[PDB]
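Residue numbers (the numbering used here), protein chains in the order written: chain R, 1 to 42; chain W, 1001 to 1230; chain S, 2001 to 2431; chain L, 3001 to 3217; chain B, 4001 to 4062; chain A, 5001 to 5059.
We put the CB at the ideal spot given by N, CA and C, even for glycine.
Here's the structure we're looking at; comments come further down.
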Amino acid sequence: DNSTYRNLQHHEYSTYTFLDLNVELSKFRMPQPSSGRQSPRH
Amino acid sequence: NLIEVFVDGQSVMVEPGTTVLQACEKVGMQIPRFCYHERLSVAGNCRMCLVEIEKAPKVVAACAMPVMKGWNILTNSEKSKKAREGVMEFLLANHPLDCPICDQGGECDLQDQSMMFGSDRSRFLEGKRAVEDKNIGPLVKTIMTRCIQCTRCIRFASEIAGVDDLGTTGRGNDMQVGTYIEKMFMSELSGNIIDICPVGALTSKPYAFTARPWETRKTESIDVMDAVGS
Amino acid sequence: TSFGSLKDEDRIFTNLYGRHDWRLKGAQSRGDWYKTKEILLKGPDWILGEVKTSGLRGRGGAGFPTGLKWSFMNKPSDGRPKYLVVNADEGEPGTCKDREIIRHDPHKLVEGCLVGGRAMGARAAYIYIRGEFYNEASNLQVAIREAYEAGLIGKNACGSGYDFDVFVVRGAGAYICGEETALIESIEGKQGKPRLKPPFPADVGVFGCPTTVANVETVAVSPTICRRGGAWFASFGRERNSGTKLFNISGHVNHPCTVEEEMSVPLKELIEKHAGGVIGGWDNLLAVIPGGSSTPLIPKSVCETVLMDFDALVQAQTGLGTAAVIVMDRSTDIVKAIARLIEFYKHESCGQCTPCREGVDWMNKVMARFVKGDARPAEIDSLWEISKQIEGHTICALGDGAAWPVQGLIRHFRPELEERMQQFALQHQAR
Amino acid sequence: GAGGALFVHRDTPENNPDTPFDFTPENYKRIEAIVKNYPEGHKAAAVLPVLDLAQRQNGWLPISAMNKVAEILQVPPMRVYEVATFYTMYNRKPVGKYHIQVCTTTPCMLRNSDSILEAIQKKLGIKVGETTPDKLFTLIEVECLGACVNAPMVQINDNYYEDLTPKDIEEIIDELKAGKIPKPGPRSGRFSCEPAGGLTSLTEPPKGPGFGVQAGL
Amino acid sequence: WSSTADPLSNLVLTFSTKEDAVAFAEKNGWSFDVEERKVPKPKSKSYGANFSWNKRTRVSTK
Amino acid sequence: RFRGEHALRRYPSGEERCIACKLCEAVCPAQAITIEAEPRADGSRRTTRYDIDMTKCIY
Ligand SMILES: Cc1cc2nc3c(=O)[nH]c(=O)nc-3n(C[C@H](O)[C@H](O)[C@H](O)COP(=O)(O)O)c2cc1C
Ligand code: SF4
Ligand code: SF4
Ligand code: SF4
Ligand code: SF4
Ligand code: FES
Ligand code: FES
Ligand SMILES: [Mg+2]
């Protein structure tokens, strides 16, 4: 079957869909590196 | 150790990391500049310091280009002269005709470099832009139509005065230097933005319209208002 | 040898047009996430050798050797993180290939990011996608979440003992932030203006760390090149112009579309085979822009026998860049089209540096006068000279790309401009 | 040409530094998640995502929202203003409920996007850059939106409507003002960038895993 | 108007070297004070310093 | 083209044309022009002193 469009998942996307997934991925992230200072102006 | 470069065929030994502009300074040549200040960070946006390397096909910005070993710097080359003429043509194409009513008249780096490394004619047949003037305090008078967007005041503000209130708002030809909000740029070192501005965009308000540089006599003395002895 | 008539068994971007499942199950049904652990265990030098032998060139503009760039970033570590930055700021007019790839092959994109990060020794990969592609970004996030859950990325990626992170950064509308250095600046939360070079992103990149900016198509074809062998990829296409390319044919054509083809298919064959040909027939063709708006246009005579590769298009005084064919037939105002392109470049200029800022505004005004004939024949040479002054004197390549269409229009349609000026001058006397 | 936008701020009762704005707890959790995506000491890299989140919460970006973002990220308000004024996807003044953006670049211009623009203008009775009296639609012209083969096209609040005709866009506007939500995508019988006449490629089943895998790999 | 009574008010002489200037002053008999030349010292400038991973020289704007 | 007694003109609106630029003083061969300026009450760049010594001018 090659006559149907399978990308219909994007028809139900709220305004926070992109950020909601980003919250879910925060558990799988590796620890971030540190530059040794809190900010360039510290 | 020191590397060897060539300026107009003359050999000169410079430290690693030295720029083309500083090598020219070593050999005695002053490359034209608008955005470069030796006490500020490098910007490389005014494009007035474009010089030609002997065999390179593209000109480089002397203010931000470290010298390589064996490079020959052609300061007075045809490509360099044409590049300077083009950059000056753009700057003066968008600049306003305010020289007689401008406090920067006889001491303007735009006028002097236009008369030295620029063309004597204009082929700009369109209309110029106009920018609303800002207000940043009683010490600095701003006529932002004369600004060439060289970002000297922003870099000076940030690095020297530690005050991050100046910046560029907008994009393209409509980019404007200012505080966005009506905050006044007040500091103990706020007249130095008047000093470092190459154009009359920032000028001394108390000194406005009083005199011209060619009339004044300069006496070298020291400052007596504190113990620094400036 | 003739190039074209690409076979589906050799096409890389399967599931284009989105006719199959784009999720993890559908991707694994096709050739995705296959022997990725074996590739990672083979390691950086082998992957770089495969890429260099395949001879892949940059698909997002200037065609620099991707193997050479990745070898440049393959230097030993010095105490700083390493990043692969994938450019999905598809702001070039006429181009949709990155959008289609992200929307229909996100697992292929993620696997390519992982392979490139392993090749470069990079700990992280930031996919900077333009903000207008919200649904594409959401699909990419869903695919990344599926990969994380399946263990294909993250800690111990593919069970190879290699830790690799993948992030997605949505950037607001900035065609200039599409550029690599401006993209690096925009990731850092800054205004988004390009840096000077040197320093190069290999030495000083995002956050001051070694980064490599690569195109979506390049990173997406990287794992397929590693799997199939690279020699096959080099075999497809011409010499030094090899591989498969996505062409976006649009404009005055019967069936505008995006299609994968060989690297040296002739332009006329591509248009007449995968796009239905020019509306009203091929003889009704006026001009074709081979790449994006940055590339110069060519007339029908040049388009009659031109090939769609870097060197062949360079010989035609134009470039390839992002392969995006724009077709204009004889029933259009070529001057108005070029003026609209120059207006686009005026709006998208970042305004940092004087040549592009001032000169692009000036050329926009000059073209706006040209479209109505309110000019003189002596101003064409002035426009040519100012375009030449802009080119090569700017910080980044947007200034160069803003002058090439003007140069092409002056070079191939000067009689049109002069006729328009004469008509305006005659109509002025009519009062 | 001129875009008719001012890059200076004049305080008004509707938009002043004392305008009430603060992130909801869910938005604060989202911000905390966003910040952890960058190395420690470089949290200024989140200015664009946090500003976008503020705009998605508030509809637009007031000066109070910019100041709140600056306070949260410990970055200068001048830097926040620079970002907001540089990037065009940030609405510095209130817009309508639906932001219609018609692409007017050359590839869309060749396929008569002016007809779409005029159909929208006549249907809503507004000019480009103006907002309807009920504050429901805001019509603007934009550059290339990334879907050029599906021209002409418009973007309405992160949704692409492609292969449009005047009747199609009028139907879209009717559905929008009727409280419904039109289905995004091409409206000319197509589903994606494939040729309208048919599939000129990829007409065979895709190969399985390891189709052309080399000896070593 | 600005009146004066000093004939040497507008008199400025140009010399190539401090030694020549001092010799001229000594042979003309006027009292003199000499100030040493203040050249600007060389400085280290790097455009890559504006984008630093862990230093304070990183700029917040361009 | 005859050169005689000097005069300062005005605009048709009545505002004086001089903007206190001192090109007069810069270019005068005989240094017969003395100009002193300060911002006017409305902020205009206008002269407060403009003297010409007709016994020093060479016309
Ligand atoms: C989607 C996209 C948009 C780009 N936009 C620009 C642009 O506006 N200006 C520019 O000078 N280069 C632009 N480039 C090219 C980049 O400077 C850089 O060459 C590219 O991102 C990485 O090179 P590659 O093709 O080898 O991967 C763009 C590249 C891509 C992929
Ligand atoms: S800043 Fe310089 S060029 Fe501009 S009006 Fe003043 S004197 Fe003339
Ligand atoms: S106001 Fe002066 S110092 Fe500041 S960017 Fe403009 S020209 Fe440069
Ligand atoms: S060429 Fe234009 S877009 Fe590029 S840095 Fe200069 S002003 Fe910015
Ligand atoms: S000072 Fe300047 S403006 Fe006034 S009269 Fe003389 S030349 Fe004219
Ligand atoms: S002085 Fe070098 S670009 Fe300005
Ligand atoms: S030209 Fe309109 S979407 Fe690209
Ligand atoms: Mg000044």
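Where residue i meets chain S, residues with beta-carbon distance less than 9 angstroms
i	result
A3044(L)	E2188, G2189, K2190
Cβ neighbour criterion (16 or more within 10 Å) applied to residue i
i	result
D1226(W)	exposed
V2051(S)	buried
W2070(S)	buried
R5049(A)	exposed
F1209(W)	buried
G2205(S)	buried
residue 3989(B)	With chain B covering 4001 to 4062 only, the question about residue 3989(B) has no answer from this structure.
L2040(S)	buried
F5002(A)	exposed
Through-space distance from residue j to residue i, alpha-carbon basis
i	j	result
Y3081(L)	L3061(L)	10 angstroms
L2341(S)	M2421(S)	21 angstroms
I2326(S)	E3143(L)	16 angstroms
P3025(L)	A3084(L)	23 angstroms
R1129(W)	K4062(B)	23 angstroms
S2242(S)	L2267(S)	16 angstroms
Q2315(S)	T3200(L)	30 angstroms
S2054(S)	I2225(S)	7 angstroms
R3187(L)	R2357(S)	39 angstroms
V1067(W)	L2196(S)	15 angstroms
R5010(A)	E5038(A)	19 angstroms
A2125(S)	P1096(W)	47 angstroms
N1076(W)	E2385(S)	21 angstroms
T15(R)	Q2352(S)	33 angstroms
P2093(S)	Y2345(S)	10 angstroms
Neighbour list for residue i in chain R, Cβ cutoff strictly below 9 angstroms
i	result
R3030(L)	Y16, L19, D20, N22, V23
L3053(L)	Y16, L19
Beta-carbon neighbours of residue i, restricted to chain S and to distances below 8 angstroms
i	result
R6(R)	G2018, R2019, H2020, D2021, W2022, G2026
Contacts that residue i makes with chain B (C-beta to C-beta distance below 7 angstroms)
i	result
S1041(W)	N4050, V4059
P3076(L)	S4060
Interface residues of chain L facing residue i [CB-CB closer than 8 angstroms]
i	result
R2011(S)	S3201, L3202
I1160(W)	Chain L residues near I1160(W): none, gap ~16 angstroms exceeds 8 angstroms.
Within chain W, the residues that residue i reaches when beta carbons sit closer than 8 angstroms
i	result
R3079(L)	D1164, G1167
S2349(S)	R1171, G1172, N1173
Within chain R, partners of residue i - CB distance below 7 angstroms
i	result
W4053(B)	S35
Beta-carbon neighbours of residue i, restricted to chain W and to distances below 7 angstroms
i	result
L2341(S)	Chain W residues near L2341(S): none, gap ~15 angstroms exceeds 7 angstroms.
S4046(B)	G1017
Neighbour list for residue i in chain L, Cβ cutoff strictly below 7 angstroms
i	result
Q38(R)	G3041
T1145(W)	Simply none; closest approach about 14 angstroms.
Extent of the continuous alpha helix (DSSP H) run through residue i
i	result
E24(R)	17 to 25
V1007(W)	It is not in any alpha helix (DSSP H) - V1007(W) instead sits in the beta strand (DSSP E) that spans 1003 to 1007.
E2146(S)	2134 to 2150
Closer than 9 angstroms at the beta carbon, the chain A residues around residue i
i	result
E1132(W)	None at all; the shortest Cβ gap to chain A is about 16 angstroms.
Per-residue contacts from residue i into chain S (C-beta, under 7 angstroms)
i	result
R29(R)	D2165
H10(R)	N2135, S2138, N2139
Listed by chain order, chain L residues near residue i by CB distance under 9 angstroms
i	result
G1178(W)	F3007, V3008
Under 9 angstroms by beta carbon: chain W residues contacting residue i
i	result
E5038(A)	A1208, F1209, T1210
Checklist line | Members of the segment 3169 to 3184 of chain L that neighbour chain B once the beta carbon cut-off is set at 7 angstroms | finding: none
Item checked: Cβ-based contacts, 8 angstroms cut-off: residues of the segment 1052 to 1077 of chain W near chain S -> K1058, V1059, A1061, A1064, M1065, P1066
Notebook entry, point to check: Just by C-beta distance, which residues in the segment 4028 to 4044 of chain B are closer than 9 angstroms to chain W?
Noted result: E4035, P4040, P4042, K4043, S4044
Checklist line | Chain-ordered residues of the segment 3120 to 3153 of chain L with a beta carbon less than 9 angstroms from chain S | finding: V3142, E3143, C3144, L3145, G3146, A3147, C3148, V3149, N3150, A3151
Next item on the list: Please name the residues in the segment 3009 to 3026 of chain L whose beta-carbon is closer than 7 angstroms to at least one beta-carbon of chain W, in chain order.
Entry: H3009
Item checked: Contact list for the segment 5044 to 5057 of chain A against chain W, Cβ threshold 7 angstroms -> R5045
Next item on the list: Could you name the residues of the segment 3099 to 3117 of chain L whose beta carbon sits closer than 7 angstroms to any beta carbon of chain W, in the order they occur along the chain?
Entry: none
Notebook entry, point to check: What are the residues of the segment 5024 to 5035 of chain A that lie near chain W, defined by any Cβ-Cβ distance shorter than 8 angstroms?
Noted result: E5025, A5026
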